[PDB]
Amino acid sequence: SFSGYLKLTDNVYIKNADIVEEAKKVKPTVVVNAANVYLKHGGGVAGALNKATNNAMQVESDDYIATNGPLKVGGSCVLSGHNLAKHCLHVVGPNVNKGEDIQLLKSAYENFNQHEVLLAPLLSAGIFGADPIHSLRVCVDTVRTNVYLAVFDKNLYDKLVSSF
Ligand SMILES: O=C(O)[C@@H]1CCCCCN1C(=O)c1ncnc2[nH]ccc12
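- In its metadata, the entry names X-ray crystallography as the structure determination method and reports 1.137 Å as the resolution.

- Under the annotation held in the PDB entry, the protein chain carries the name Non-structural protein 3 and is attributed to Severe acute respiratory syndrome coronavirus 2.
- The title given to this PDB entry is "Crystal structure of SARS-CoV-2 NSP3 Macrodomain in complex with ASAP-0000072-001".

This is the structure we're talking about:
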């Protein structure tokens, strides 16, 4: 099970950890990917999760897009977790660096409510350009299921806990 997490609320927990290493250790039922609408896992959390699957996540993702088309910003799909988890919930938060509406961040976090427990990053943070403090606030105020957040950056983890 999950270990070394700080409890933020009844259902939200947080740890300074690499989500790839956390997924390999825990093998959770669901790992969340910070996806884009095309499921092109080039960089950030998505690039790191995909590289850990030896590109099997990208091959499966390309078949899903060829069949279904792109996701919506704020939407999600469930695919295999490969060697990292039973399932990967690919969730698209708004990318501020591309001009997307930040109000869609709450819709993106609502996808987590379909799963009892998840290992996840903060959506729309990092290379997606949103303020991670805002993303954690929206997470706590939207998700009702058990979420284990992994924050890679130590300095950002410390700021997120101290300002919570
Ligand atoms: O979790 C983090 O600290 C980072 C960076 C800023 C905060 C937002 C989340 N985030 C990422 O999206 C990320 N980006 C690229 N590679 C990564 N490896 C693990 C996480 C990760």
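1. A word on the site of the ligand
- In the vicinity of the ligand, the contacting residues are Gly 44, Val 45, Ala 125, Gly 126, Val 151, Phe 152, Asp 153 and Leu 156.
- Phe 152 has a polar backbone atom sitting 2.9 Å from an oxygen atom of the ligand.
- Separating an oxygen atom of the ligand from a backbone N or O atom of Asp 153 is a distance of 2.9 Å.
- The fraction of the free accessible surface of the ligand (430 Å²) that becomes covered by protein chains is 80%.
- When each cavity is represented as a set of grid points, the ligand is found to reside in the largest pocket.
- Within the shell around the ligand, the residues separate by chemical class into five nonpolar, two polar and one charged.

2. Points about the pattern of salt bridges
- All chains considered together, the criterion is met by four salt bridges.
- The residue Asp 62 makes a salt bridge to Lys 40 at a minimum N-O spacing of 2.7 Å. Of the two residues, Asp 62 sits in helix α3 (residues 56-68) while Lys 40 sits in the loop between β3 (30-34) and α2 (44-52), which places them 22 residues apart along the sequence.
- Exposure remark for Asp 62: the relative accessible area of 31% places this residue in the partly exposed category.

3. Considering the environment of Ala 34
- Looking at where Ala 34 falls in the secondary structure, it is placed in strand β3.
- Residue classification places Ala 34 among the buried positions, given a relative accessible area of 13%.
- It is 15 Å that separates the C-alpha atoms of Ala 34 and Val 138, two residues lying 104 residues apart in sequence.
- When near neighbours in sequence (up to four residues on either side) are disregarded, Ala 34 contacts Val 45, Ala 46, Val 91, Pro 121 and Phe 128.

Definitions and cut-offs
- Sequence positions in this view are assigned from 1 along each chain in the order the sequence is written. Entry numbering can differ, and residues without coordinates are absent from the display.
- Calculation of side-chain values draws on the structure's entire complement of heavy atoms; hydrogens and water are dropped beforehand.
- Residues are labelled near a given molecule or strand when at least one of their non-hydrogen atoms is within 4 Å of it.
- Pairing of N or O atoms within 3.5 Å defines a polar contact, subject to two protein rules: one partner must be a possible hydrogen donor and the other a possible acceptor, and residues neighboring in sequence count only if both atoms are side-chain atoms.
- For the area figures, the Shrake-Rupley method with a 1.4 Å probe applies, and any residue is considered shielded solely by the protein chains shown.
- We place a 1 Å grid over just the protein atoms. Points where a 1.4 Å probe fits but has no way out form a cavity, open points with protein on both sides within 12 Å along at least 5 of 7 lines form a pocket, and any residue with an atom within 4 Å of a point lines it.
- Think of it this way: if more than half of a molecule's atoms are within 2 Å of a pocket's grid points, that molecule is in the pocket or cavity.
- Residue type decides the class: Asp, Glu, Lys and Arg count as charged, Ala, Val, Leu, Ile, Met, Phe, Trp, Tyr, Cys and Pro as nonpolar, and the leftover types, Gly among them, as polar.
- The rule for a salt bridge is simple: a side-chain nitrogen of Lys or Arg has to be within 4 Å of a carboxyl oxygen of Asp or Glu.
- In DSSP terms, a helix is any run of H or I states spanning at least four residues, a strand is any run of E spanning at least two, and both are numbered starting from the N terminus.
- Partly exposed describes any residue whose relative accessible area lies between the buried limit of under 20% and the exposed limit of over 50%, with all areas from a 1.4 Å probe on protein chains only and scaled to the type maximum.
- Here a residue-residue contact requires only that any non-hydrogen atoms of the pair lie within 4.5 Å.

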